[PDB]
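1. please find the sequence and an experimentally derived structure below.
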Amino acid sequence: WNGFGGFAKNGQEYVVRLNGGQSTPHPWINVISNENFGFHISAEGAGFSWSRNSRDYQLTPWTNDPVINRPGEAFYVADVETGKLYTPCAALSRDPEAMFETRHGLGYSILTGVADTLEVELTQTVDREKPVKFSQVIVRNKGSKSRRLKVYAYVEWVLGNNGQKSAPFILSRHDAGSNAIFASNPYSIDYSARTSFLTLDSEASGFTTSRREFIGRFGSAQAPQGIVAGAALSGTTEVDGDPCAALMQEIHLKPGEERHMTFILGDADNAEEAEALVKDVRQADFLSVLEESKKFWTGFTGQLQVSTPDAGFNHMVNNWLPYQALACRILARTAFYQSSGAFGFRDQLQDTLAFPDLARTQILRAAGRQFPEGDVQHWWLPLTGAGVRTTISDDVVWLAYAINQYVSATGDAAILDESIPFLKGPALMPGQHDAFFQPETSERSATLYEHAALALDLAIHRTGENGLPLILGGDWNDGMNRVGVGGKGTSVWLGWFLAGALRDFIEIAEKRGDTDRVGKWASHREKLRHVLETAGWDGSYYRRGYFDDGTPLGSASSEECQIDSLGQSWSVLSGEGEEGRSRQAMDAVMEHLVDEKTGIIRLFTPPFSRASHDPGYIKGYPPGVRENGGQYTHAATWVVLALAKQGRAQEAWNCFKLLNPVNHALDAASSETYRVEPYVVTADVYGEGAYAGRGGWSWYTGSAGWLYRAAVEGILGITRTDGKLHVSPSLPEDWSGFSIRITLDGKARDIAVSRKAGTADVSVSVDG
Amino acid sequence: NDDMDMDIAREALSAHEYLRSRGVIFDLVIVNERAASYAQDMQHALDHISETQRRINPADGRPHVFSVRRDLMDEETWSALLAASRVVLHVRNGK
């Protein structure tokens, strides 16, 4: 219960209440998407439509302005006789005597506005398979006299990458036999055959495709001017400097009945295809798809259910974390802050790690992008596939991690034998770090074995004189670039990760059978681990790496980046290393964790203030934000996983409660510094300077899935080792017991865990 | 499309260079709508005056001067170029 909004029980609905004029510190958006469509709606008015991919394709202007956030879609139900307008959105009505209530659910939103006895309910949802979005407007009158109202639907058509470029070259047409408005952008680089439609399920009284006539000068979203300066909305057909779409319907409602209306917005290729789509949708029903989406989200999120005593924990885990993962790092790789629609290689590898067939699809898609030289495409487009081939090192071995994890989880060797063609291109030139070009398919087929072998051989060839893997151009943290570039930039995290991968690759090679390569892997593992225990220790913690000048990184002798946490976590996360050295590393990690007053988990204790070895553009970051010594949930998730795995469960959950956005500083109004939605996990949290305790770049984060895995395997203790679910419980001192409800292959189990052990169906020991 | 004017071209390129000096950057494209009877002569005449402006700009690729002829390049591309222009001016019909 906060001053703005909270939950609606069961962790499936978030209800935010506001008056007329107030607003959240940041847009409290909810993202709803499908395989080939998506949008997200704030708590007071927003909307961001895209047909194929974001950034390159978009429908409404994407103004990531936290302070203003001018809405792109508006709906007015203004009065005819009196003149006072009304709007379900909270950011449009300036009347102080108004009540707005926004409910964000699993794949839908409902905004209810009450102002002077008049009720307006706007329900936004999306259709599966067919890319299109539905908006139901319900007008309810509870007064004593009949009222005449006009319902409006305003949205500005911008298409392509950025606005104010394609604006003078957007064609708008109005269908006569159908109540639809069509917008096209022939002046586009690639998407020129795509047309967008705004349609009404009834006869629209008027249309106006022009911002000059709808809003015009001396006006804004709250004061459209044209809404009150008369009502003769002229039908605009000529192409002007500002494209939009406005529909006007006259309604006369008597007290006692509710008026229902449906608006349709979509985009599809081909004019006749769009015509067929709008024709089908016009007589298509609105509710049935809504219950279909609700049932889909309930079933997908209902596979795993918990009954822990923690109220906040019972909401993020049940629905919100999987929903965010699916809507951000699976379907729609775009939020209000970051819009990266390209399929990141490592992103697509690590997104599917908490589940079944989705991981198989992602891994085969990733294998489909690979060069015979050994390296892989960093990212590509879903349709064209034209991406980049950079010098990032860990990308190739991330596929190795994904494949070995999939083998460990499922155990199906058939996926290991699949046909995957190679590619070809201009390779690389030793004067740059990346190239765009366009990859072309070839006729050299192989399976995952050859791809893994090529990636591993590339990693072996790209090794330093000290034995540790080179950084070349960079690593996972792209901010720490310009450390290699023809030099000797080594790392310990990469060595840990490669050792962890080979620890099971030796087994899979022995099962398959190859001695000339397993001998090489054994020798490499011995050499690498000898380097790690010899040239990998600072005295109390693991280092980070070495610069081109030989200066160690992650040591106390440097003025910046003195203590790290990634290598310390991955020391036990990979599995190798000594127990005492691991415990000392955890004790050192506790240094940057004691900062409970701010409530973050810093990555590097000394922020990169000045430049001494040019570790990249991290020095460009303000000291204390993002990776510049700030907080990063992805980094801390591995830390809490390591804490749970080693045995320290109480400390693991104590740190986890700090990581959980719920019950984190901002509870009701106690910490306005957080400024970001508490029902989703964020990626950047600031803990230095005047903005200490402020989050940033939520939703679109690669930490939701990792946090879900940490909860499932570390806190809950359930895991999928080989077919049968293994239970390794370690409860805190404030839960006593709980119950896990899981389904698999149509079989449902309700395992009740007490303080020591037990099961509801029958008594059995752990790992049963 | 006249070949008698042969004076609005210098004024147009003077406007282009004046605006490029003022700060705004835009591309000046000249289109030869005449057939092959005098297309080469018109091309030579316009080159003789645009060669002093199409030279490479020190420290800023090719400068914002373009010359095309309707006789060679395709009619559909010609229509696309005319549509893509925010403003169209005719040598005969105005000044």
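-> Good, I have the coordinates. Numbers count the residues shown, from 1 in each chain, chains lettered A, B, ... in the order given.
2. most centrally placed residue in chain B?
-> Centroid-nearest residue in chain B, with C-alpha atoms, centre = their mean: residue B:30, separated by 2.0 Å.
3. would you mind listing what in chain A touches chain B?
-> Chain A has residues A:168, A:169, A:187 near chain B, with proximity defined as C-beta under 8 Å from any C-beta of the partner chain. Every C-beta, even on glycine, is put in place using the N, C-alpha and C of the backbone.
4. show me the contacts for the residue in the stretch 201-350 of chain A that chain B sits nearest to.
-> Closest contact between the stretch 201-350 of chain A and chain B, by C-beta to the nearest C-beta, is at residue A:241 (9.7 Å). Taking C-beta atoms under 8 Å, 6 or more residues apart in numbering or on different chains, we find residue A:241 in contact with A:167, A:168, A:212.
5. which residues does the first one contact?
-> Read that as residue A:167. A:158, A:241, A:242, A:243.
6. nearest to residue A:484, of the residues you listed?
-> residue A:158 (41.0 Å; C-beta to C-beta).
7. most distant residue from the middle of chain B?
-> residue B:59 (23.4 Å).
8. so which bits of chain B are right by chain A?
-> B:83, B:84, B:86.
9. could those go into JSON lines alongside neighbour count and secondary structure?
-> Formatted as JSON lines, these follow (neighbours: other C-beta atoms under 10 Å in any protein chain shown; DSSP: H, G, I helix; E, B strand; the rest coil):
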{"residue": "B:83", "neighbour count": "11", "secondary structure": "helix"}
{"residue": "B:84", "neighbour count": "12", "secondary structure": "helix"}
{"residue": "B:86", "neighbour count": "8", "secondary structure": "coil"}
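10. pipe these into JSON lines and attach distance to residue A:30 per row.
-> Putting the residues of chain B next to chain A into JSON lines (distance: C-beta to C-beta, whole Å) gives the following:
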{"residue": "B:83", "distance to residue A:30": "40"}
{"residue": "B:84", "distance to residue A:30": "39"}
{"residue": "B:86", "distance to residue A:30": "39"}
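11. max pairwise distance over the contacts of residue A:167: which two?
-> Farthest pair in the contacts of residue A:167, by C-beta to C-beta: A:158 and A:241, 12.3 Å.
12. now the contacts of residue A:167 as JSON lines including secondary structure?
-> JSON lines is the format used below for the contacts of residue A:167 (DSSP: H, G, I helix; E, B strand; the rest coil):
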{"residue": "A:158", "secondary structure": "coil"}
{"residue": "A:241", "secondary structure": "coil"}
{"residue": "A:242", "secondary structure": "coil"}
{"residue": "A:243", "secondary structure": "coil"}
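13. hang on, isn't residue A:95 packed against residue A:20?
-> Yes: under the criterion of C-beta atoms under 8 Å, residue A:95 makes contact with residue A:20 at 4.6 Å.
14. overlap of the contact sets of these two?
-> Joint contacts of residue A:95 and residue A:20 (C-beta under 8 Å, 6+ apart) are residue A:115.
15. now what about stretch A:625-637, what contacts it?
-> For stretch A:625-637, the surrounding residues in contact (C-beta under 8 Å, 6+ apart) are A:477, A:479-480, A:565-566, A:569, A:600-608, A:618-619, A:621-624, A:655, A:659, A:681-688, A:691, A:696, A:701-703, A:706-707, A:710.
16. neighbours around residue 79, how many?
-> Assuming you mean chain A. For residue A:79, the count of nearby residues is 15 (other C-beta atoms under 10 Å in any protein chain shown).
17. oops, chain B please
-> Neighbours of residue B:79 (other C-beta under 10 Å): 10.
18. wasn't it part of a helix?
-> Yes: checked against three-state DSSP, residue B:79 lies within a helix.
19. quick one: it and residue B:19, what's the gap?
-> 27 Å (C-beta to C-beta, to the nearest Å).
20. residue contacts, residue B:38?
-> Neighbouring residues of residue B:38 by C-beta under 8 Å, 6+ apart: residue B:3.
21. three-state assignment of the residue farthest from the centre of chain B?
-> coil.
22. list phi and psi for it.
-> Recorded main-chain torsions at residue B:59 are phi 60, psi 30, according to degrees, to the nearest 10.
23. on that earlier part again, out of the residues of chain A next to chain B, which are buried?
-> Among these, those buried by neighbour count (16 or more other C-beta atoms under 10 Å in any protein chain shown) are A:169, A:187.
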